[PDB]
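Next up: a single chain in structure tokens, the form solved without the named molecule.
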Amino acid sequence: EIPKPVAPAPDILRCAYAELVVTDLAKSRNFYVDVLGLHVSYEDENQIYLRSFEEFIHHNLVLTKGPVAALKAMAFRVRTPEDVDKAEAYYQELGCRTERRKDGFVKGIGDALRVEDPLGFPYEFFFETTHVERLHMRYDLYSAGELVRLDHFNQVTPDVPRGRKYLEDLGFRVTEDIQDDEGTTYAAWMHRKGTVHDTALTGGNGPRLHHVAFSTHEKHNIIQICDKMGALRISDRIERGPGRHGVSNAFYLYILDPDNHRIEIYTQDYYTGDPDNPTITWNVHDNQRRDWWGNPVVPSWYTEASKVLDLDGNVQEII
């Protein structure tokens, strides 16, 4: 069991961006910018910084060229600069390795703390970030499949109850979960910002990052992503969907980037910000928890997930 620290938890606002290592930067740019339409805040021959339509911070996704495709960091923004010090004290009390950089790990982020969390994931906590043009009314740039916000991460770990306790002490609130008759948690969705989730834990060999997710404004935007991929003759990169998830009630689509990192695009959220928001518990034997309409099962969705890196940049051993 991971103990609850005496030190106070940092006040986490929301998931904010992911840094993914990619192997061929130009092929990754073709996918994220030309196919998906994300906006380039900054790029060079080593990295591409991308943001969604409604974002004002510098980026939601950093693509970094490297040797092995993997998640390098899943970042959460905290409420105040002092919260980065709180995160540092917190994870040092849990006995985790931490690295602090007053001027950031990537461009457009200031004082930041990266840690190898108890579950083996590279989390980053930061407050300072370069504000850029919020594109929410730039309808002259709006694409038929526009990604409007980054919403959440989904993590694969072997012991979900152990991880759930740790995230709950960190302040995440479970909105939905999947349990058996004994009441054991098999998967949990948890939030800070008032939507179904900022991250989710699902059981399996780990640490691995199952996906990063963006939303669209409407369902037709998701359908357009599928239609565009079929016209580009890359429909084999659509993994699962479109469908409706029972858990989260999202209309979803999962596609695969050039290094096989899985990106979820979905639409339809509901408000979870009240402190007594009713947790929805789904039975592990209820098929509708996975697909409200009964869509056939896609096996790779249960077997494949991205490697994650430690603070030296090496792949974390998968347990």
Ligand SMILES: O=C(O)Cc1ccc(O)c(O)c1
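Each residue number is its position in the shown sequence, starting from 1.
The next section is about a form of this same protein that is not shown, the form deposited with the named molecule bound.
**Student:** Check 76, 127 and 192: does every one of them have a heavy atom within 4.5 Å of the named molecule in the deposited complex?
**Tutor:** No residue of the spot touches the named molecule in the deposited complex.
**Student:** Just checking whether residue 254 would be counted as a contact of the named molecule in the deposited complex - the rule being heavy atoms within 4.5 angstroms.
**Tutor:** Flag for residue 254 set to yes.
**Student:** Can you work out whether residue 259 and the named molecule are in contact in the deposited complex, taking contact to mean some heavy atom pair no more than 4.5 Å apart?
**Tutor:** So residue 259 does not count as contacting the named molecule.
**Student:** Given that the named molecule is not shown alongside this chain, does residue 154 nevertheless sit within 4.5 Å of it in the deposited complex, heavy atom to heavy atom?
**Tutor:** Yes, residue 154 is a contact residue.
**Student:** Looking at the partner-bound form in the deposited complex, is residue 240 within 4.5 Å of the named molecule by any heavy atom?
**Tutor:** It does: once the named molecule is placed as it appears in the deposited complex, residue 240 has a heavy atom within 4.5 Å of it.
**Student:** Exactly one of 247, 174, 148, 222 has a non-hydrogen atom within 4.5 Å of the named molecule in the deposited complex; which residue is it?
**Tutor:** It is 247.
**Student:** Considering non-hydrogen atoms and a 4.5 Å limit, which listed residue (86, 208, 211, 72) is close to the named molecule in the deposited complex?
**Tutor:** Looking at 86, 208, 211, 72 one by one, just 211 meets the 4.5 Å heavy-atom criterion.
**Student:** Please determine, with the chain shown alone, which of 30-38, 55-63, 289-297, 273-281 has non-hydrogen atoms within 4.5 Å of the named molecule in the deposited complex.
**Tutor:** Heavy atoms within 4.5 Å of the named molecule in the deposited complex occur in 289-297.
**Student:** Can you name the residues of 264-287 that have a non-hydrogen atom within 4.5 angstroms of the named molecule in the deposited complex?
**Tutor:** Result: 264, 266.
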